[PDB]
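A.B. asks: The following block contains the structure, expressed as structure tokens.
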Amino acid sequence: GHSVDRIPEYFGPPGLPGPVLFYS
């Protein structure tokens, strides 16, 4: 997690109901 970057820090797949952040 940097920001509204591109790759997630391996939290899970997309379409989770909680918030998320991304790194490059």
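Residues in the structure tokens are numbered from 1 in each chain, the chains being A, B, ... in the order shown, and ligands are numbered from 1 in the order shown.
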If we count only C-alpha atoms, what is near residue 6 (chain A) at a cut-off of 12 Å, once residues fewer than 2 positions away on the same chain are taken out, given as a ChimeraX atom specification?
C.D. replies: /A:1-4,8-10,14,20-24
A.B. asks: I need the strand (DSSP E or B) residues of chain A per DSSP on the backbone, written as a PyMOL selection string.
C.D. replies: chain A and resi 3+7-8+22-23
